[PDB]
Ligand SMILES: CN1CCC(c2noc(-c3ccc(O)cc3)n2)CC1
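One chain comes next, on its own, written out as C-alpha cells in the form solved without this ligand.
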C-alpha cells in the first residue's frame, strides 16, 4: 500500500487510529516537523515524541512503536485510554504542538487547520434582550440516537431549546425571563473532526449505541452557517472513518482512510495496512441490522483539500531532527 502500521502495545484504544489520521493531515505533519525541539529533553517532550512517530511512519518499513509518546504525555496505566474520549487525546496532542509553535514561523498552524467559530445566543421571548457570545471549537460531538444521518445530526445540533418554567433565563435587569437558546455556525475549519455519540449511560452502567447512522462521502454544510459565501460553499470530502467493533471494551479499533483524498481507501488495523473497497470504509460502518460502526469522522473542505493534503517529501524534515532520530536509532542498535 506504501503505508506502514502502528504497533499494538496495550489498550491504547483510539490512539493508533488518531495517530494515522493526524499523520495524513499533511499540512499538520509538515508544521510538526518544523518545531524547534533541539533543546527538548526526550523523556518529557510530547512535540519531539510526535515528531518521532511521524518520522517513523514516513520512513519505517516495520510497524512503528508509540511507547515514548505515551510516556511523554503520561497516559501510562492499564486503563488510561479507556478513561478518556478520542477528542481529549487529540486536544492533549494538538495543545502540546501548538504551544510549541508559539513564537515560531509556524505559529497558528493548529488554529488555522482545526479551529472554527460559532455563536451561542439566548433570545428572550417576552422582553427585548438577546445575548450573543462567540465560542471557538476544534471538534463537534454529534448526537446520533434517533437520527438517521449526519444531516439530521446537524439539524438537531442547531435546533432551538426552550428556557421557561423552573428553568427560565436570568436576564439580569429583566429578572427571570422565558427565552430560546441555540448555537449557529459562523465558521467551519478546513479539517472537521466529528465525534459520534455512541458511548452512553443507561438506567446503571455505560452502553454502546450500535444503531445505524448514515454518513456521506460528500457533505454539504452551507445551510448550518449563519451567513454563507458564494465563492466558498461549505462542501466537505470524507477523509477518515474511525471504527470500533464490539459492544464492550473487548472490542477492536481500526481506521479507514483515503490518505490522498482521491477515493482510494485503505484499512489501518494496527500493524496491517491493506487496500479496501469504498463500501467497506463507508456503508459497512453505518451500523444497524452487528456491532461495527464509526464513532468519529474526519472531513476536509474541498476548497482547502489540496492544501491540506499537500505532498510531503524527506526534504521537508529538517536535518537536525533527522540526525537526532537517526542517532537515537544508532544508540538503540548498540
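Residue numbers count along the first chain shown, from 1.
Keep in mind that the form deposited with this ligand bound is not shown, yet the notes after this line are about it.
Asker: Could you confirm whether residue 95 comes within 4.5 Å of this ligand in the deposited complex, counting heavy atoms only?
Answerer: Residue-level check for residue 95: yes, a contact with this ligand.
Asker: Residue 258 versus this ligand, in the deposited complex: is there a non-hydrogen atom within 4.5 Å?
Answerer: No, no contact at 4.5 Å.
Asker: Is there a heavy atom of residue 75 lying 4.5 Å or less from a heavy atom of this ligand in the deposited complex?
Answerer: Residue 75: no, not in contact with this ligand in the deposited complex.
Asker: My question is simply whether residue 91 lines the interface with this ligand in the deposited complex - judged by any non-hydrogen atom within 4.5 Å.
Answerer: Yes - in the deposited complex, heavy atoms of residue 91 and this ligand come within 4.5 Å of each other.
Asker: Counting non-hydrogen atoms within 4.5 angstroms of this ligand in the deposited complex, say which of 226, 87, 235, 123 makes the cut.
Answerer: The option sitting close enough to the partner is 87.
Asker: Heavy atom within 4.5 Å of this ligand in the deposited complex: which of 254, 110, 118, 219?
Answerer: That would be 110.
Asker: Counting any heavy atom within 4.5 Å as contact, can you tell me which stretch out of 188-196, 260-268, 126-134, 226-234 lines this ligand in the deposited complex?
Answerer: Within 4.5 Å of the partner lies stretch 188-196.
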